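Just start08.pdb here, PDB, C-alpha atoms and all ligand atoms:
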ATOM      1  CA  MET P   1     117.747 113.921 102.095  1.00  0.00           C
ATOM      2  CA  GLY P   2     114.812 111.889 103.337  1.00  0.00           C
ATOM      3  CA  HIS P   3     112.799 114.587 105.056  1.00  0.00           C
ATOM      4  CA  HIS P   4     109.419 113.563 103.672  1.00  0.00           C
ATOM      5  CA  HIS P   5     108.854 109.815 103.574  1.00  0.00           C
ATOM      6  CA  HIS P   6     106.559 108.802 100.749  1.00  0.00           C
ATOM      7  CA  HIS P   7     107.032 105.121 101.482  1.00  0.00           C
ATOM      8  CA  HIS P   8     104.236 103.855  99.255  1.00  0.00           C
ATOM      9  CA  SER P   9     105.098 104.723  95.666  1.00  0.00           C
ATOM     10  CA  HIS P  10     102.775 104.379  92.641  1.00  0.00           C
ATOM     11  CA  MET P  11      99.036 105.008  92.582  1.00  0.00           C
ATOM     12  CA  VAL P  12      98.534 101.554  91.122  1.00  0.00           C
ATOM     13  CA  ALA P  13     100.490  98.557  92.403  1.00  0.00           C
ATOM     14  CA  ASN P  14     102.581  96.295  90.189  1.00  0.00           C
ATOM     15  CA  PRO P  15     101.439  92.651  89.892  1.00  0.00           C
ATOM     16  CA  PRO P  16     103.840  89.746  90.593  1.00  0.00           C
ATOM     17  CA  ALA P  17     105.126  87.572  87.759  1.00  0.00           C
ATOM     18  CA  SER P  18     104.425  83.897  87.167  1.00  0.00           C
ATOM     19  CA  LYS P  19     107.052  81.205  87.777  1.00  0.00           C
ATOM     20  CA  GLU P  20     106.767  80.082  84.150  1.00  0.00           C
ATOM     21  CA  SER P  21     107.918  83.487  82.906  1.00  0.00           C
ATOM     22  CA  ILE P  22     110.826  83.487  85.364  1.00  0.00           C
ATOM     23  CA  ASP P  23     111.924  79.925  84.628  1.00  0.00           C
ATOM     24  CA  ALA P  24     112.014  80.926  80.961  1.00  0.00           C
ATOM     25  CA  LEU P  25     114.757  83.432  81.796  1.00  0.00           C
ATOM     26  CA  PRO P  26     118.379  82.648  80.786  1.00  0.00           C
ATOM     27  CA  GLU P  27     120.075  80.497  83.409  1.00  0.00           C
ATOM     28  CA  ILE P  28     123.600  81.687  84.066  1.00  0.00           C
ATOM     29  CA  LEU P  29     125.756  79.228  85.976  1.00  0.00           C
ATOM     30  CA  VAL P  30     128.071  81.393  88.057  1.00  0.00           C
ATOM     31  CA  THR P  31     131.576  80.160  87.335  1.00  0.00           C
ATOM     32  CA  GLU P  32     134.623  80.772  89.526  1.00  0.00           C
ATOM     33  CA  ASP P  33     135.936  83.361  87.069  1.00  0.00           C
ATOM     34  CA  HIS P  34     132.758  85.350  87.677  1.00  0.00           C
ATOM     35  CA  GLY P  35     133.045  87.306  90.895  1.00  0.00           C
ATOM     36  CA  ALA P  36     130.586  89.825  89.530  1.00  0.00           C
ATOM     37  CA  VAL P  37     127.912  89.337  86.880  1.00  0.00           C
ATOM     38  CA  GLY P  38     127.121  92.554  85.018  1.00  0.00           C
ATOM     39  CA  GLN P  39     126.994  94.366  88.352  1.00  0.00           C
ATOM     40  CA  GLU P  40     128.659  94.435  91.765  1.00  0.00           C
ATOM     41  CA  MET P  41     129.952  91.243  93.347  1.00  0.00           C
ATOM     42  CA  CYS P  42     126.958  91.229  95.687  1.00  0.00           C
ATOM     43  CA  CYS P  43     123.405  90.009  95.137  1.00  0.00           C
ATOM     44  CA  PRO P  44     121.363  92.710  96.963  1.00  0.00           C
ATOM     45  CA  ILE P  45     118.593  90.232  97.796  1.00  0.00           C
ATOM     46  CA  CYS P  46     121.100  88.005  99.619  1.00  0.00           C
ATOM     47  CA  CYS P  47     123.646  90.666 100.653  1.00  0.00           C
ATOM     48  CA  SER P  48     126.109  87.986  99.546  1.00  0.00           C
ATOM     49  CA  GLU P  49     128.668  87.631  96.765  1.00  0.00           C
ATOM     50  CA  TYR P  50     128.709  85.643  93.526  1.00  0.00           C
ATOM     51  CA  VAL P  51     130.747  82.437  93.545  1.00  0.00           C
ATOM     52  CA  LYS P  52     130.993  79.230  91.520  1.00  0.00           C
ATOM     53  CA  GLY P  53     127.997  77.004  92.118  1.00  0.00           C
ATOM     54  CA  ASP P  54     125.168  79.517  92.341  1.00  0.00           C
ATOM     55  CA  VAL P  55     122.594  80.080  89.602  1.00  0.00           C
ATOM     56  CA  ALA P  56     122.268  83.562  88.149  1.00  0.00           C
ATOM     57  CA  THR P  57     119.837  84.930  85.599  1.00  0.00           C
ATOM     58  CA  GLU P  58     119.262  88.083  83.578  1.00  0.00           C
ATOM     59  CA  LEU P  59     116.099  90.139  83.701  1.00  0.00           C
ATOM     60  CA  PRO P  60     115.184  91.467  80.195  1.00  0.00           C
ATOM     61  CA  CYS P  61     115.955  94.994  81.432  1.00  0.00           C
ATOM     62  CA  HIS P  62     119.586  93.838  81.669  1.00  0.00           C
ATOM     63  CA  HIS P  63     119.884  93.232  85.399  1.00  0.00           C
ATOM     64  CA  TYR P  64     121.442  90.108  86.869  1.00  0.00           C
ATOM     65  CA  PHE P  65     120.369  88.279  90.014  1.00  0.00           C
ATOM     66  CA  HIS P  66     120.336  84.720  91.325  1.00  0.00           C
ATOM     67  CA  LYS P  67     117.489  82.813  89.702  1.00  0.00           C
ATOM     68  CA  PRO P  68     116.437  81.090  93.018  1.00  0.00           C
ATOM     69  CA  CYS P  69     116.097  84.404  94.880  1.00  0.00           C
ATOM     70  CA  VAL P  70     114.715  86.469  91.997  1.00  0.00           C
ATOM     71  CA  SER P  71     112.041  83.840  91.279  1.00  0.00           C
ATOM     72  CA  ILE P  72     110.675  84.438  94.763  1.00  0.00           C
ATOM     73  CA  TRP P  73     111.094  88.213  94.612  1.00  0.00           C
ATOM     74  CA  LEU P  74     109.351  88.538  91.235  1.00  0.00           C
ATOM     75  CA  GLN P  75     106.367  86.615  92.611  1.00  0.00           C
ATOM     76  CA  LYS P  76     106.344  88.836  95.692  1.00  0.00           C
ATOM     77  CA  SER P  77     107.068  92.360  94.438  1.00  0.00           C
ATOM     78  CA  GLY P  78     107.138  91.838  90.657  1.00  0.00           C
ATOM     79  CA  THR P  79     109.749  94.573  90.276  1.00  0.00           C
ATOM     80  CA  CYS P  80     113.447  94.784  89.449  1.00  0.00           C
ATOM     81  CA  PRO P  81     114.963  96.020  92.768  1.00  0.00           C
ATOM     82  CA  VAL P  82     117.593  98.168  91.039  1.00  0.00           C
ATOM     83  CA  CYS P  83     115.340 100.024  88.570  1.00  0.00           C
ATOM     84  CA  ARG P  84     111.828  99.385  89.937  1.00  0.00           C
ATOM     85  CA  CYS P  85     110.675  98.297  86.500  1.00  0.00           C
ATOM     86  CA  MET P  86     107.932  95.665  86.424  1.00  0.00           C
ATOM     87  CA  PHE P  87     108.423  92.044  85.426  1.00  0.00           C
ATOM     88  CA  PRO P  88     107.168  90.957  83.042  1.00  0.00           C
ATOM     89  CA  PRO P  89     108.434  94.193  81.402  1.00  0.00           C
ATOM     90  CA  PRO P  90     105.825  96.940  80.861  1.00  0.00           C
ATOM     91  CA  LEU P  91     104.884  98.449  77.522  1.00  0.00           C
TER      92      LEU P  91
HETATM   93 ZN    ZN C 101     120.703  85.882  95.516  1.00  0.00          ZN
HETATM   94 ZN    ZN C 102     116.215  96.305  85.912  1.00  0.00          ZN
END
Can the structure from this file be put into structure tokens for me?
Amino acid sequence: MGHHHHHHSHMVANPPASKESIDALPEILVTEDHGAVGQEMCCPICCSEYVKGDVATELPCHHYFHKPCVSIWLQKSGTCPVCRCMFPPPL
């Protein structure tokens, strides 16, 4: 039920991460035996599936995405799309 649309969440906005902190994340080469990596078979950011050849990574809050796309997202929204937790992780 989306009757009241509070589109802008948070009173204070979350800052974007630095590339250095993202590049330091574990690089997971998506192999052909990996149709899904710790989640669905689809990378929400790309609305596309996981196949051999793409580069995945794991956010410290245990959430997998493609490194290429998450590196841009984290510097744009600085939040894990699935849990809305900040990156780098809050305290
Ligand atoms: Zn992706
Ligand atoms: Zn997360």
Close residues to ligand ZN 102 (chain C) using only C-alpha atoms and all ligand atoms, limit 10 Å, as a compact mmCIF listing (two decimals) with C-alpha atoms, in the frame of the given file:
# COMPACT_ATOMS: atom_id res chain seq x y z
CA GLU P 58 119.26 88.08 83.58
CA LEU P 59 116.10 90.14 83.70
CA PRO P 60 115.18 91.47 80.19
CA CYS P 61 115.96 94.99 81.43
CA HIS P 62 119.59 93.84 81.67
CA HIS P 63 119.88 93.23 85.40
CA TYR P 64 121.44 90.11 86.87
CA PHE P 65 120.37 88.28 90.01
CA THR P 79 109.75 94.57 90.28
CA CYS P 80 113.45 94.78 89.45
CA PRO P 81 114.96 96.02 92.77
CA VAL P 82 117.59 98.17 91.04
CA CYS P 83 115.34 100.02 88.57
CA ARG P 84 111.83 99.38 89.94
CA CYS P 85 110.68 98.30 86.50
CA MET P 86 107.93 95.66 86.42
CA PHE P 87 108.42 92.04 85.43
CA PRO P 89 108.43 94.19 81.40
From (131.9, 86.5, 96.2), in the file's coordinates, out to 9 Å: which residues are reached, counting only C-alpha atoms? Answer as a ChimeraX atom specification.
/P:34-36,41-42,48-52
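Residue nearest residue 56 (chain P) within the list P:43, P:37, P:28, P:70: P:28 [criterion: smallest interatomic distance, all atoms listed in the file].
Comparing P:53, P:26, P:2, P:16 by their smallest distance to ligand ZN 101 (chain C), the closest is P:53 (using all atoms listed in the file).
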One residue among P:9, P:31, P:18, P:57 is nearest to ligand ZN 101 (chain C) when using all atoms listed in the file, and that residue is P:57
(request) Find the distance between CA of residue 3 (chain P) and CA of residue 78 (chain P) and write it in Å to one decimal. (result)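 Computed distance, CA of residue 3 (chain P) to CA of residue 78 (chain P), equals 27.5 Å.
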Margin query: To test your reading of the syntax: which residues would the PyMOL selection byres (((chain P and resi 69) around 10) and not hetatm) return for the file shown? Reply as a PyMOL selection string.
Written below: chain P and resi 43+45-46+55-56+65-68+70-74
**OP:** For CA of residue 15 (chain P) and CA of residue 91 (chain P), quote the distance in Å rounded to one decimal.
**Re:**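 CA of residue 91 (chain P) lies at a distance of 14.1 Å from CA of residue 15 (chain P).
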*Find the distance between CA of residue 44 (chain P) and CA of residue 11 (chain P) and write it in Å to one decimal.*
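Atom-to-atom, CA of residue 44 (chain P) and CA of residue 11 (chain P) are spaced 25.9 Å apart.
Each of P:27, P:54, P:20, P:33 was checked against ligand ZN 101 (chain C) using all atoms listed in the file; the smallest atom-to-atom distance is that of P:54.
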